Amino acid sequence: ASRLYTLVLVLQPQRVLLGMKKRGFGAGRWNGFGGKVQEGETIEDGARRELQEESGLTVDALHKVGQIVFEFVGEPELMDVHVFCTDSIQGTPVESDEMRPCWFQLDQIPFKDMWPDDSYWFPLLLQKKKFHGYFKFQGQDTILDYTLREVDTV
């Protein structure tokens, strides 16, 4: 049993937009934009909504790039995270209550202040490969086990 979440990475050939999370789950970490999917909206529409909410931005098209399932020891609900990607954005990243957006060079991606799974699956993101992931967490810092597989169909 699982719960739907979104994750949106604005990926430009020289840079990638991340946002610093100021409160709530996983605060004090750089991350993609997104959150819970609501009843009555599609997964992609939820991904867009959260992008607009957290960074101000709107996009033409969002591309499905992966799916990562997260399991936390002691929590029965799984996180079913649908990952999206886009180069073309409309507007300017501005700050919100949830996220402080900031651009990063592709050779300065701040992995040590990101969720530790990001080390594993970013290579496939940057190479424009579609993927299915699973990561079992113990607390916020410790990956007990994982799988990561390139797929053709997300």
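We call the rigid core the largest set of C-alpha positions that still match within 1.5 Å between the two forms. Throughout, we count residues from 1 along the sequence that is shown.
Taking 40-48 and 92-100 in turn, the stretch whose Cα atoms are more displaced from the shown form in 6 other deposited structures of this protein following rigid core superposition is 92-100. Here the stretch with the larger average CA B-factor, out of 28-36 and 88-96, is 88-96.
The stretch with the higher mean CA B factor, choosing between 42-50 and 104-112, is 104-112. When the C-alpha B-factors of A61, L124, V65, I68 are read from the PDB record, the largest value belongs to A61. For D80, the recorded CA B-factor ranks within the lowest third of the chain. Only modelled residues enter the ranking. In the PDB entry, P13 places in the highest third of its chain by CA B-factor.
Placement of the Cα temperature factor of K130 within the chain: middle third of the modelled residues, per the deposited record.
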